[PDB]
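Just one chain is shown here, as C-alpha cells, and it is the form whose entry title says "inward-facing".
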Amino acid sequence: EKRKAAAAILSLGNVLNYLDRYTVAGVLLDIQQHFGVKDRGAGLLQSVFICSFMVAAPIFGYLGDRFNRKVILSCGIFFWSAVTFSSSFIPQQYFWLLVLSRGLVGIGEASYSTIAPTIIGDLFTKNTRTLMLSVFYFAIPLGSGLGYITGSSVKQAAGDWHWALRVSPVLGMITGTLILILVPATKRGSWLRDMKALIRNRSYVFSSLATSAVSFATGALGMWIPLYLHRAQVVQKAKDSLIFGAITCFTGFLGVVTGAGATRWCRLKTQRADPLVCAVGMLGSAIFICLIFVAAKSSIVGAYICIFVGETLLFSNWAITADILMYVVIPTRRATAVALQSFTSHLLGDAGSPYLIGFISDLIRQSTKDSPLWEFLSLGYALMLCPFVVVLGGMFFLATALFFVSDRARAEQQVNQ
C-alpha cells in the first residue's frame, strides 16, 4: 500500500520525465519557424539537454548517496517543471535562453532518473522488486509517445505551440507534491581501480560501444523523424507525430517482448545468444531505418511501416545489454560499470547526434539550391548516418559475442572466489 503507492507515483513521475524530453521534438517545426533558426539550433536543443543530463547524472548519483534522496528527487521534478513552464514564455529573439532552459531541464531530470530507481529498489525486494522496477521502465516508451502526442495535439488545439510546454508542468507540480507525501524517507540501503579493471574487459568495452551506437541512432531519429516526415508530406503535395508517438509506445513494448522471446529461443543453441541476438536485431533495424528514407520519397505509409519494424528491432536489445553487463562484470564493479557505460553511451551517442544531423543537413543545404524539396532531401541525407551507426553497433555486438564466453567465465571464476 504505502510502498505500492510510492512505486505508482514514481512511475507516474517517470512518465512525466520522458514526456517532457520529446515535447520539444514533437513541436520542432513550430520552434524553427518561430525562432528562425535552421536545423543546427534545432539539434542543439536536444544536444544541450543530453550534455547536461550526462554530466549531472553522476553528481546526483553522488548527492543521493549522501543526502535525502526524496528531497533531491522532489526538488528536481519541481525544478524542471518550472524551467519548462517559464521557458514556454521566452520571447522570439532569445533562442539561447531556450537552449539553456533545455539544459536546465536536463539537469533536473537527471536527478529523477538517477535517484528514483534506487528508491524503488530500496522499497521492494526480490520478485516484487523486479516487477516494480519494470513498471518504472515501462514509462520510457509510454512517456516518449505521450510526449509526441501531447506536443502535437496541444499545438493543434490551443492554436499555439507554447502550450505544449505549458500543459505538462502542471502535472509535475502534483507529482512532486505526492512524492513529498507518498514516498517514504528511505535511507541509503575506488572508482578508478574499477575503471582500470573495466577497460581491459573486452566484452564490457564492446557492449558499451554498441550501446553508444544504439543511443546515437535513437537520439538522432527520435529528434528528427517527426520533422523529416512532415517535409516528406510537404514535398508529396500534427498527424505525423501523433502516429509516431503511438508507434513509439507500441514498438518499445513489442521490442522488449520480442527481444526477450528471441533470447529465450536462442538459449537452446548458443552460449553467446544474448549478444548475437543484439547484433542480428541491429543489422535488421539498419535495413529498415534506411528504408524510411526510401519509402518516404513516395509513400508516407511505407515510411510508417519501416519506422514500426525498425523501432521494434532497435528497441529489442535494451534489456539484453543489461544482461550482458550483469554477466561479465563482478558485482563490486557493477555500479561503476553501469555509471561509466551510461556516460559513454551519452557522450559517444545522443549528446551530439541531433546536433551532428542538423549540422550535416545545414552544410548540405548551403552548398545546394534552397527549396522545400532540397530541405527534405538534405535532412534525409543527414539522417542516413543513423543506419551506418546501427551497422557499426551490430559489429560491436558481434565483437562482444566473441568474448562473452571468456569474460563471463572470468566473472564467474572471480565471484566464486
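Sequential numbering from 1, following the sequence displayed. Each form is matched to the other, and the largest set of C-alpha atoms that superpose within 1.5 Å is called the rigid core.
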In a third or more of the other entries compared, is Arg267 missing its coordinates?
-> no
Check whether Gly143 goes without coordinates in at least a third of the other compared PDB entries of this protein that model residues on both sides of it.
-> no
Select one of none, 1 to 3, 4 to 9, or 10 or more to describe the deposited residues without coordinates separating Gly189 and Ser190.
-> 10 or more
Count up the deposited residues without coordinates from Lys237 to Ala238 and drop the result into none, 1 to 3, 4 to 9, or 10 or more.
-> 10 or more
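Keep in mind the form whose entry title says "outward-facing" is missing from the figure; the text below concerns it.
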Would you mind telling me which residue of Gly259, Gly222, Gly176, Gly252 shifts its Cα by 2 Å or more between this form and the one not shown when the core is superposed?
-> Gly176
Indicate whether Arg334 shows a C-alpha shift of 2 Å or more between this form and the one not shown, with the rigid core used for the fit.
-> no
Core-superposed comparison between this form and the one not shown, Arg272 Cα displacement 2 Å or beyond = no
For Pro372, decide whether the Cα shift between this form and the one not shown is 2 Å or greater, given a superposition on the rigid core.
-> no
Given a CA distance change of at least 3 Å, are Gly61 and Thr336 closer or farther in the other entry?
-> closer
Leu123 to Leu340, Cα distance in the other entry relative to here: closer or farther, by 3 Å or more?
-> closer
